[PDB]
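Printed here is model-v7.cif (mmCIF, N, CA and C atoms):
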```cif
data_protein
#
loop_
_atom_site.group_PDB
_atom_site.id
_atom_site.type_symbol
_atom_site.label_atom_id
_atom_site.label_comp_id
_atom_site.auth_asym_id
_atom_site.auth_seq_id
_atom_site.Cartn_x
_atom_site.Cartn_y
_atom_site.Cartn_z
ATOM 1 N N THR T 233 125.446 -1.971 -41.272
ATOM 2 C CA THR T 233 125.111 -1.327 -40.008
ATOM 3 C C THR T 233 123.849 -0.521 -40.269
ATOM 4 N N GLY T 234 122.742 -1.056 -39.778
ATOM 5 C CA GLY T 234 121.483 -0.379 -39.570
ATOM 6 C C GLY T 234 120.759 -1.204 -38.532
ATOM 7 N N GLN T 235 119.988 -0.594 -37.646
ATOM 8 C CA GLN T 235 119.143 -1.377 -36.757
ATOM 9 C C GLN T 235 117.741 -0.803 -36.743
ATOM 10 N N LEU T 236 116.769 -1.706 -36.722
ATOM 11 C CA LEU T 236 115.362 -1.368 -36.630
ATOM 12 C C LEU T 236 114.700 -2.365 -35.698
ATOM 13 N N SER T 237 113.814 -1.872 -34.847
ATOM 14 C CA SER T 237 112.874 -2.717 -34.133
ATOM 15 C C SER T 237 111.482 -2.131 -34.281
ATOM 16 N N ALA T 238 110.503 -3.005 -34.472
ATOM 17 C CA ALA T 238 109.113 -2.595 -34.559
ATOM 18 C C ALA T 238 108.285 -3.557 -33.731
ATOM 19 N N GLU T 239 107.254 -3.031 -33.085
ATOM 20 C CA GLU T 239 106.289 -3.853 -32.380
ATOM 21 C C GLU T 239 104.900 -3.279 -32.570
ATOM 22 N N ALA T 240 103.919 -4.163 -32.671
ATOM 23 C CA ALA T 240 102.522 -3.791 -32.559
ATOM 24 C C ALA T 240 101.860 -4.719 -31.558
ATOM 25 N N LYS T 241 100.969 -4.166 -30.748
ATOM 26 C CA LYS T 241 100.216 -4.949 -29.788
ATOM 27 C C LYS T 241 98.771 -4.494 -29.828
ATOM 28 N N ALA T 242 97.854 -5.445 -29.709
ATOM 29 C CA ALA T 242 96.448 -5.136 -29.555
ATOM 30 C C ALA T 242 95.837 -6.101 -28.558
ATOM 31 N N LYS T 243 94.946 -5.583 -27.728
ATOM 32 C CA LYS T 243 94.110 -6.392 -26.860
ATOM 33 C C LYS T 243 92.681 -5.896 -26.962
ATOM 34 N N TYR T 244 91.745 -6.827 -26.895
ATOM 35 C CA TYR T 244 90.334 -6.503 -26.907
ATOM 36 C C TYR T 244 89.659 -7.312 -25.818
ATOM 37 N N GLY T 245 88.668 -6.711 -25.181
ATOM 38 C CA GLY T 245 87.844 -7.422 -24.230
ATOM 39 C C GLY T 245 86.408 -6.976 -24.359
ATOM 40 N N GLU T 246 85.488 -7.922 -24.313
ATOM 41 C CA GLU T 246 84.076 -7.626 -24.174
ATOM 42 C C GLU T 246 83.489 -8.543 -23.120
ATOM 43 N N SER T 247 82.584 -8.006 -22.314
ATOM 44 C CA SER T 247 81.889 -8.798 -21.314
ATOM 45 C C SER T 247 80.446 -8.342 -21.251
ATOM 46 N N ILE T 248 79.538 -9.304 -21.210
ATOM 47 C CA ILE T 248 78.112 -9.038 -21.139
ATOM 48 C C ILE T 248 77.540 -9.868 -20.005
ATOM 49 N N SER T 249 76.698 -9.245 -19.201
ATOM 50 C CA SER T 249 75.950 -9.925 -18.163
ATOM 51 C C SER T 249 74.485 -9.556 -18.306
ATOM 52 N N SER T 250 73.620 -10.509 -18.001
ATOM 53 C CA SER T 250 72.200 -10.227 -17.907
ATOM 54 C C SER T 250 71.630 -11.014 -16.748
ATOM 55 N N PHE T 251 70.686 -10.405 -16.055
ATOM 56 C CA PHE T 251 69.979 -11.039 -14.960
ATOM 57 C C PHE T 251 68.504 -10.737 -15.131
ATOM 58 N N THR T 252 67.664 -11.705 -14.807
ATOM 59 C CA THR T 252 66.231 -11.477 -14.846
ATOM 60 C C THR T 252 65.601 -12.312 -13.753
ATOM 61 N N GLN T 253 64.686 -11.704 -13.013
ATOM 62 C CA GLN T 253 63.926 -12.412 -12.003
ATOM 63 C C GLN T 253 62.478 -11.983 -12.128
ATOM 64 N N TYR T 254 61.574 -12.941 -12.028
ATOM 65 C CA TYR T 254 60.154 -12.659 -12.078
ATOM 66 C C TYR T 254 59.474 -13.496 -11.012
ATOM 67 N N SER T 255 58.554 -12.883 -10.284
ATOM 68 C CA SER T 255 57.782 -13.576 -9.266
ATOM 69 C C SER T 255 56.310 -13.302 -9.485
ATOM 70 N N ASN T 256 55.491 -14.304 -9.218
ATOM 71 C CA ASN T 256 54.053 -14.137 -9.205
ATOM 72 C C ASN T 256 53.513 -14.900 -8.014
ATOM 73 N N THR T 257 52.569 -14.297 -7.308
ATOM 74 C CA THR T 257 51.881 -14.973 -6.225
ATOM 75 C C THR T 257 50.424 -14.560 -6.234
ATOM 76 N N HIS T 258 49.554 -15.502 -5.905
ATOM 77 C CA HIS T 258 48.128 -15.250 -5.849
ATOM 78 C C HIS T 258 47.570 -16.023 -4.670
ATOM 79 N N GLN T 259 46.857 -15.337 -3.794
ATOM 80 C CA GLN T 259 46.238 -15.961 -2.642
ATOM 81 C C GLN T 259 44.783 -15.545 -2.572
ATOM 82 N N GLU T 260 43.943 -16.475 -2.142
ATOM 83 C CA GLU T 260 42.527 -16.207 -1.986
ATOM 84 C C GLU T 260 42.024 -16.964 -0.771
ATOM 85 N N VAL T 261 41.124 -16.343 -0.025
ATOM 86 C CA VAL T 261 40.555 -16.941 1.174
ATOM 87 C C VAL T 261 39.065 -16.674 1.151
ATOM 88 N N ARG T 262 38.288 -17.662 1.562
ATOM 89 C CA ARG T 262 36.855 -17.512 1.722
ATOM 90 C C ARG T 262 36.438 -18.019 3.089
ATOM 91 N N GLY T 263 35.451 -17.356 3.672
ATOM 92 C CA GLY T 263 34.931 -17.748 4.960
ATOM 93 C C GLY T 263 35.723 -17.185 6.121
ATOM 94 N N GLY T 264 35.156 -17.358 7.305
ATOM 95 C CA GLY T 264 35.675 -16.691 8.486
ATOM 96 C C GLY T 264 35.169 -15.276 8.537
ATOM 97 N N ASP T 265 36.050 -14.339 8.867
ATOM 98 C CA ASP T 265 35.842 -12.934 8.560
ATOM 99 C C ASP T 265 37.006 -12.411 7.732
ATOM 100 N N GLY T 266 36.706 -11.455 6.856
ATOM 101 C CA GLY T 266 37.692 -10.976 5.906
ATOM 102 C C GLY T 266 38.928 -10.377 6.546
ATOM 103 N N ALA T 267 38.773 -9.738 7.704
ATOM 104 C CA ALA T 267 39.922 -9.142 8.376
ATOM 105 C C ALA T 267 40.909 -10.187 8.880
ATOM 106 N N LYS T 268 40.424 -11.266 9.493
ATOM 107 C CA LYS T 268 41.318 -12.366 9.841
ATOM 108 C C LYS T 268 41.797 -13.107 8.600
ATOM 109 N N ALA T 269 40.934 -13.233 7.594
ATOM 110 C CA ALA T 269 41.332 -13.887 6.353
ATOM 111 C C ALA T 269 42.539 -13.209 5.721
ATOM 112 N N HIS T 270 42.577 -11.882 5.730
ATOM 113 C CA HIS T 270 43.771 -11.182 5.271
ATOM 114 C C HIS T 270 45.004 -11.570 6.080
ATOM 115 N N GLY T 271 44.818 -11.953 7.340
ATOM 116 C CA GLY T 271 45.940 -12.375 8.164
ATOM 117 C C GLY T 271 46.697 -13.594 7.664
ATOM 118 N N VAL T 272 46.035 -14.500 6.939
ATOM 119 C CA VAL T 272 46.752 -15.688 6.486
ATOM 120 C C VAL T 272 47.817 -15.339 5.464
ATOM 121 N N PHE T 273 47.711 -14.182 4.811
ATOM 122 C CA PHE T 273 48.724 -13.795 3.839
ATOM 123 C C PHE T 273 50.071 -13.499 4.472
ATOM 124 N N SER T 274 50.133 -13.330 5.794
ATOM 125 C CA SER T 274 51.425 -13.274 6.464
ATOM 126 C C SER T 274 52.176 -14.593 6.375
ATOM 127 N N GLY T 275 51.474 -15.696 6.124
ATOM 128 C CA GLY T 275 52.086 -17.005 6.213
ATOM 129 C C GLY T 275 52.463 -17.433 7.611
ATOM 130 N N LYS T 276 52.071 -16.674 8.633
ATOM 131 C CA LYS T 276 52.488 -16.925 10.005
ATOM 132 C C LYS T 276 51.400 -17.706 10.736
ATOM 133 N N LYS T 277 51.791 -18.835 11.331
ATOM 134 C CA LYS T 277 50.821 -19.816 11.813
ATOM 135 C C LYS T 277 49.770 -19.191 12.724
ATOM 136 N N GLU T 278 50.194 -18.386 13.700
ATOM 137 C CA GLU T 278 49.230 -17.821 14.638
ATOM 138 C C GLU T 278 48.162 -17.025 13.910
ATOM 139 N N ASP T 279 48.537 -16.308 12.846
ATOM 140 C CA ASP T 279 47.522 -15.614 12.066
ATOM 141 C C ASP T 279 46.681 -16.588 11.255
ATOM 142 N N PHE T 280 47.269 -17.678 10.759
ATOM 143 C CA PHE T 280 46.447 -18.705 10.129
ATOM 144 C C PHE T 280 45.485 -19.316 11.142
ATOM 145 N N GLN T 281 45.971 -19.579 12.356
ATOM 146 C CA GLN T 281 45.107 -20.076 13.421
ATOM 147 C C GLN T 281 44.004 -19.083 13.760
ATOM 148 N N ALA T 282 44.337 -17.796 13.809
ATOM 149 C CA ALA T 282 43.330 -16.774 14.072
ATOM 150 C C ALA T 282 42.242 -16.749 13.005
ATOM 151 N N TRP T 283 42.594 -16.998 11.746
ATOM 152 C CA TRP T 283 41.564 -17.173 10.727
ATOM 153 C C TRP T 283 40.731 -18.423 10.968
ATOM 154 N N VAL N 284 43.272 -2.684 8.475
ATOM 155 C CA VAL N 284 42.382 -3.834 8.359
ATOM 156 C C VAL N 284 41.361 -3.858 9.490
ATOM 157 N N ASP N 285 41.792 -3.541 10.708
ATOM 158 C CA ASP N 285 40.841 -3.346 11.798
ATOM 159 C C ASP N 285 39.790 -2.292 11.470
ATOM 160 N N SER N 286 40.203 -1.156 10.913
ATOM 161 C CA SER N 286 39.235 -0.143 10.507
ATOM 162 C C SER N 286 38.299 -0.635 9.412
ATOM 163 N N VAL N 287 38.788 -1.470 8.495
ATOM 164 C CA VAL N 287 37.906 -2.039 7.479
ATOM 165 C C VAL N 287 36.854 -2.938 8.105
ATOM 166 N N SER N 288 37.200 -3.649 9.174
ATOM 167 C CA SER N 288 36.203 -4.467 9.852
ATOM 168 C C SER N 288 35.146 -3.612 10.539
ATOM 169 N N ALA N 289 35.522 -2.431 11.022
ATOM 170 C CA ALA N 289 34.579 -1.532 11.672
ATOM 171 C C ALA N 289 33.853 -0.618 10.694
ATOM 172 N N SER N 290 34.466 -0.301 9.557
ATOM 173 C CA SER N 290 33.934 0.700 8.640
ATOM 174 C C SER N 290 34.290 0.338 7.208
ATOM 175 N N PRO N 291 33.731 -0.738 6.673
ATOM 176 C CA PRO N 291 33.899 -1.021 5.249
ATOM 177 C C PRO N 291 33.119 -0.049 4.387
ATOM 178 N N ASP N 292 33.637 0.182 3.189
ATOM 179 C CA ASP N 292 32.997 1.045 2.213
ATOM 180 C C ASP N 292 32.571 0.228 1.003
ATOM 181 N N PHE N 293 31.656 0.797 0.225
ATOM 182 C CA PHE N 293 31.197 0.174 -1.009
ATOM 183 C C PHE N 293 32.337 0.059 -2.011
ATOM 184 N N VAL N 294 32.697 -1.174 -2.364
ATOM 185 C CA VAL N 294 33.829 -1.432 -3.244
ATOM 186 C C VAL N 294 33.432 -2.091 -4.554
ATOM 187 N N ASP N 295 32.345 -2.855 -4.600
ATOM 188 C CA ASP N 295 32.077 -3.703 -5.750
ATOM 189 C C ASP N 295 30.608 -4.079 -5.759
ATOM 190 N N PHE N 296 30.146 -4.525 -6.919
ATOM 191 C CA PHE N 296 28.778 -4.980 -7.078
ATOM 192 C C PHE N 296 28.617 -6.453 -6.720
ATOM 193 N N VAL N 297 27.398 -6.802 -6.329
ATOM 194 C CA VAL N 297 26.873 -8.158 -6.433
ATOM 195 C C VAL N 297 26.443 -8.395 -7.877
ATOM 196 N N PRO N 298 27.099 -9.291 -8.618
ATOM 197 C CA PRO N 298 26.964 -9.266 -10.082
ATOM 198 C C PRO N 298 25.608 -9.720 -10.582
ATOM 199 N N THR N 299 24.792 -10.340 -9.737
ATOM 200 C CA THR N 299 23.477 -10.810 -10.146
ATOM 201 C C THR N 299 22.437 -9.697 -10.230
ATOM 202 N N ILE N 300 22.358 -8.806 -9.244
ATOM 203 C CA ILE N 300 21.417 -7.687 -9.304
ATOM 204 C C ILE N 300 22.093 -6.408 -8.823
ATOM 205 N N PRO N 301 23.023 -5.843 -9.590
ATOM 206 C CA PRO N 301 23.790 -4.704 -9.067
ATOM 207 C C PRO N 301 22.972 -3.436 -8.891
ATOM 208 N N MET N 302 22.095 -3.112 -9.840
ATOM 209 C CA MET N 302 21.331 -1.875 -9.763
ATOM 210 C C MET N 302 20.032 -2.018 -10.541
ATOM 211 N N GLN N 303 19.052 -1.198 -10.167
ATOM 212 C CA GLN N 303 17.729 -1.211 -10.766
ATOM 213 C C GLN N 303 17.460 0.121 -11.453
ATOM 214 N N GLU N 304 16.804 0.056 -12.608
ATOM 215 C CA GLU N 304 16.436 1.268 -13.324
ATOM 216 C C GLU N 304 15.483 2.123 -12.500
ATOM 217 N N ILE N 305 15.736 3.433 -12.501
ATOM 218 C CA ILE N 305 15.005 4.347 -11.628
ATOM 219 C C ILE N 305 13.524 4.408 -11.984
ATOM 220 N N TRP N 306 13.185 4.278 -13.269
ATOM 221 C CA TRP N 306 11.783 4.302 -13.672
ATOM 222 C C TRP N 306 11.010 3.056 -13.266
ATOM 223 N N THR N 307 11.684 2.015 -12.783
ATOM 224 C CA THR N 307 10.972 0.949 -12.086
ATOM 225 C C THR N 307 10.245 1.491 -10.867
ATOM 226 N N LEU N 308 10.786 2.537 -10.260
ATOM 227 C CA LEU N 308 10.221 3.183 -9.088
ATOM 228 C C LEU N 308 9.138 4.193 -9.443
ATOM 229 N N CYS N 309 8.816 4.338 -10.724
ATOM 230 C CA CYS N 309 7.859 5.336 -11.172
ATOM 231 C C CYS N 309 6.443 5.007 -10.710
ATOM 232 N N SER N 310 5.617 6.055 -10.664
ATOM 233 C CA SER N 310 4.203 5.902 -10.347
ATOM 234 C C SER N 310 3.406 5.266 -11.482
ATOM 235 N N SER N 311 3.845 5.415 -12.730
ATOM 236 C CA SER N 311 2.927 5.291 -13.853
ATOM 237 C C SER N 311 3.664 4.763 -15.072
ATOM 238 N N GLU N 312 2.971 3.913 -15.832
ATOM 239 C CA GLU N 312 3.583 3.262 -16.984
ATOM 240 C C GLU N 312 3.867 4.248 -18.109
ATOM 241 N N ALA N 313 2.989 5.235 -18.303
ATOM 242 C CA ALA N 313 3.240 6.242 -19.329
ATOM 243 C C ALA N 313 4.509 7.025 -19.028
ATOM 244 N N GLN N 314 4.649 7.503 -17.792
ATOM 245 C CA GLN N 314 5.883 8.166 -17.388
ATOM 246 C C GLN N 314 7.064 7.206 -17.464
ATOM 247 N N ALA N 315 6.896 6.003 -16.917
ATOM 248 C CA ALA N 315 7.982 5.031 -16.898
ATOM 249 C C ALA N 315 8.444 4.670 -18.303
ATOM 250 N N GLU N 316 7.510 4.481 -19.233
ATOM 251 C CA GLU N 316 7.901 4.245 -20.620
ATOM 252 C C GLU N 316 8.578 5.468 -21.229
ATOM 253 N N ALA N 317 8.073 6.663 -20.935
ATOM 254 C CA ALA N 317 8.713 7.871 -21.445
ATOM 255 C C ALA N 317 10.145 8.001 -20.937
ATOM 256 N N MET N 318 10.357 7.740 -19.647
ATOM 257 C CA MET N 318 11.708 7.742 -19.096
ATOM 258 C C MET N 318 12.584 6.679 -19.749
ATOM 259 N N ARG N 319 12.073 5.452 -19.856
ATOM 260 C CA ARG N 319 12.823 4.386 -20.516
ATOM 261 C C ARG N 319 13.155 4.745 -21.959
ATOM 262 N N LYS N 320 12.160 5.208 -22.714
ATOM 263 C CA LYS N 320 12.399 5.582 -24.105
ATOM 264 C C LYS N 320 13.456 6.672 -24.224
ATOM 265 N N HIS N 321 13.360 7.714 -23.397
ATOM 266 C CA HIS N 321 14.375 8.762 -23.423
ATOM 267 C C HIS N 321 15.739 8.243 -22.984
ATOM 268 N N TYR N 322 15.781 7.418 -21.939
ATOM 269 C CA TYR N 322 17.044 6.817 -21.523
ATOM 270 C C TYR N 322 17.669 6.020 -22.660
ATOM 271 N N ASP N 323 16.878 5.149 -23.280
ATOM 272 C CA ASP N 323 17.365 4.303 -24.364
ATOM 273 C C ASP N 323 17.810 5.127 -25.567
ATOM 274 N N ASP N 324 16.956 6.039 -26.022
ATOM 275 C CA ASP N 324 17.182 6.742 -27.278
ATOM 276 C C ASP N 324 18.133 7.925 -27.152
ATOM 277 N N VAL N 325 18.202 8.572 -25.991
ATOM 278 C CA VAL N 325 18.916 9.839 -25.881
ATOM 279 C C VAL N 325 20.041 9.779 -24.857
ATOM 280 N N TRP N 326 19.699 9.549 -23.593
ATOM 281 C CA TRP N 326 20.631 9.853 -22.513
ATOM 282 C C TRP N 326 21.770 8.843 -22.432
ATOM 283 N N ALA N 327 21.455 7.550 -22.441
ATOM 284 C CA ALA N 327 22.516 6.547 -22.410
ATOM 285 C C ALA N 327 23.466 6.623 -23.598
ATOM 286 N N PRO N 328 23.009 6.836 -24.832
ATOM 287 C CA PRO N 328 23.952 7.161 -25.918
ATOM 288 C C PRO N 328 24.871 8.338 -25.631
ATOM 289 N N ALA N 329 24.316 9.452 -25.155
ATOM 290 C CA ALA N 329 25.125 10.625 -24.840
ATOM 291 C C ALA N 329 26.152 10.335 -23.752
ATOM 292 N N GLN N 330 25.738 9.676 -22.673
ATOM 293 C CA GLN N 330 26.674 9.408 -21.586
ATOM 294 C C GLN N 330 27.765 8.438 -22.013
ATOM 295 N N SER N 331 27.408 7.394 -22.756
ATOM 296 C CA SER N 331 28.424 6.477 -23.259
ATOM 297 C C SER N 331 29.379 7.176 -24.217
ATOM 298 N N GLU N 332 28.880 8.154 -24.974
ATOM 299 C CA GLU N 332 29.755 9.020 -25.758
ATOM 300 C C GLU N 332 30.572 9.958 -24.880
ATOM 301 N N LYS N 333 29.929 10.598 -23.906
ATOM 302 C CA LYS N 333 30.634 11.518 -23.018
ATOM 303 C C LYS N 333 31.862 10.888 -22.369
#
```
Take the structure from the file and write it as structure tokens.
Amino acid sequence: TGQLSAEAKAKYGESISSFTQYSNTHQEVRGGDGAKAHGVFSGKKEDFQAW
Amino acid sequence: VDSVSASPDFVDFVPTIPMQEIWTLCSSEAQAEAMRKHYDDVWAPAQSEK
């Protein structure tokens, strides 16, 4: 007559996340007038038409 | 941008002839050479150091 119980438990967790985003854009316009030329950078047709 | 069309300011050089040496405007070659010599030997070194 003797009783013994023993338990050991271990849990481990590791989690790693990484995100990276990079953008580059370059636009150039020649001719017309420079003020309307800047308008094409909107990408909007009416402003492209105005240039 | 509208204001730039009405009132642009000096932003950049024309790279072919941006500026002329002031002693080109001189009356006289002796003075003009003296100015050039002093500019070359003294003033431009000092300013580039400054």
Problem set entry | Every residue of chain T that DSSP places in alpha helix (DSSP H), as a ChimeraX atom specification | /T:266-271,277-282
Expected file contents, prior selection, N, CA and C atoms, as a PDB file, keeping the file's coordinate frame:
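Final file, again_37.pdb:
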```
ATOM      1  N   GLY T 266      36.706 -11.455   6.856  1.00  0.00           N
ATOM      2  CA  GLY T 266      37.692 -10.976   5.906  1.00  0.00           C
ATOM      3  C   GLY T 266      38.928 -10.377   6.546  1.00  0.00           C
ATOM      4  N   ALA T 267      38.773  -9.738   7.704  1.00  0.00           N
ATOM      5  CA  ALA T 267      39.922  -9.142   8.376  1.00  0.00           C
ATOM      6  C   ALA T 267      40.909 -10.187   8.880  1.00  0.00           C
ATOM      7  N   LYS T 268      40.424 -11.266   9.493  1.00  0.00           N
ATOM      8  CA  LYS T 268      41.318 -12.366   9.841  1.00  0.00           C
ATOM      9  C   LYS T 268      41.797 -13.107   8.600  1.00  0.00           C
ATOM     10  N   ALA T 269      40.934 -13.233   7.594  1.00  0.00           N
ATOM     11  CA  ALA T 269      41.332 -13.887   6.353  1.00  0.00           C
ATOM     12  C   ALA T 269      42.539 -13.209   5.721  1.00  0.00           C
ATOM     13  N   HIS T 270      42.577 -11.882   5.730  1.00  0.00           N
ATOM     14  CA  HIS T 270      43.771 -11.182   5.271  1.00  0.00           C
ATOM     15  C   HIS T 270      45.004 -11.570   6.080  1.00  0.00           C
ATOM     16  N   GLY T 271      44.818 -11.953   7.340  1.00  0.00           N
ATOM     17  CA  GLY T 271      45.940 -12.375   8.164  1.00  0.00           C
ATOM     18  C   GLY T 271      46.697 -13.594   7.664  1.00  0.00           C
ATOM     19  N   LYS T 277      51.791 -18.835  11.331  1.00  0.00           N
ATOM     20  CA  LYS T 277      50.821 -19.816  11.813  1.00  0.00           C
ATOM     21  C   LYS T 277      49.770 -19.191  12.724  1.00  0.00           C
ATOM     22  N   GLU T 278      50.194 -18.386  13.700  1.00  0.00           N
ATOM     23  CA  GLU T 278      49.230 -17.821  14.638  1.00  0.00           C
ATOM     24  C   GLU T 278      48.162 -17.025  13.910  1.00  0.00           C
ATOM     25  N   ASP T 279      48.537 -16.308  12.846  1.00  0.00           N
ATOM     26  CA  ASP T 279      47.522 -15.614  12.066  1.00  0.00           C
ATOM     27  C   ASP T 279      46.681 -16.588  11.255  1.00  0.00           C
ATOM     28  N   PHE T 280      47.269 -17.678  10.759  1.00  0.00           N
ATOM     29  CA  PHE T 280      46.447 -18.705  10.129  1.00  0.00           C
ATOM     30  C   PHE T 280      45.485 -19.316  11.142  1.00  0.00           C
ATOM     31  N   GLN T 281      45.971 -19.579  12.356  1.00  0.00           N
ATOM     32  CA  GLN T 281      45.107 -20.076  13.421  1.00  0.00           C
ATOM     33  C   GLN T 281      44.004 -19.083  13.760  1.00  0.00           C
ATOM     34  N   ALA T 282      44.337 -17.796  13.809  1.00  0.00           N
ATOM     35  CA  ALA T 282      43.330 -16.774  14.072  1.00  0.00           C
ATOM     36  C   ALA T 282      42.242 -16.749  13.005  1.00  0.00           C
TER      37      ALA T 282
END
```
Problem set entry | Target residues per the PyMOL selection byres ((chain N and name CA) within 9 of (chain T and name CA)), formatted as JSON, numbers by chain | {"N": [284, 285, 287, 288]}
Just the selected residues (N, CA and C atoms), exported as an mmCIF file, in the frame of the given file, please.
```cif
data_model
loop_
_atom_site.group_PDB
_atom_site.id
_atom_site.type_symbol
_atom_site.label_atom_id
_atom_site.label_comp_id
_atom_site.auth_asym_id
_atom_site.auth_seq_id
_atom_site.Cartn_x
_atom_site.Cartn_y
_atom_site.Cartn_z
ATOM 1 N N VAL N 284 43.272 -2.684 8.475
ATOM 2 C CA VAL N 284 42.382 -3.834 8.359
ATOM 3 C C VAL N 284 41.361 -3.858 9.490
ATOM 4 N N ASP N 285 41.792 -3.541 10.708
ATOM 5 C CA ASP N 285 40.841 -3.346 11.798
ATOM 6 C C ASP N 285 39.790 -2.292 11.470
ATOM 7 N N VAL N 287 38.788 -1.470 8.495
ATOM 8 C CA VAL N 287 37.906 -2.039 7.479
ATOM 9 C C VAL N 287 36.854 -2.938 8.105
ATOM 10 N N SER N 288 37.200 -3.649 9.174
ATOM 11 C CA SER N 288 36.203 -4.467 9.852
ATOM 12 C C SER N 288 35.146 -3.612 10.539
#
```
Need the axis-aligned box for stretch 325-330 of chain N with 6 Å each side, so what are the centre and edges in Å to one decimal, as JSON?
```
{"center_x": 23.0, "center_y": 8.6, "center_z": -23.8, "size_x": 21.6, "size_y": 16.1, "size_z": 16.4}
```
Exercise. Could you pull the residues within 8 Å of residue N:319, counting all atoms listed in the file, minus those fewer than 6 positions along the same chain, as a list in words?
Worked result: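 Result of the neighbour search: residues 306, 307, 313 and 325 of chain N.
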Problem set entry | Computed interatomic separation between atom CA of residue N:329 and atom CA of residue N:316 (Å) |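 That distance, rounded to one decimal, is 18.8 Å.
Coordinates place atom C of residue T:263 at a distance of 18.4 Å from atom C of residue N:295.
Coordinates place atom CA of residue N:304 at a distance of 19.8 Å from atom CA of residue N:332.
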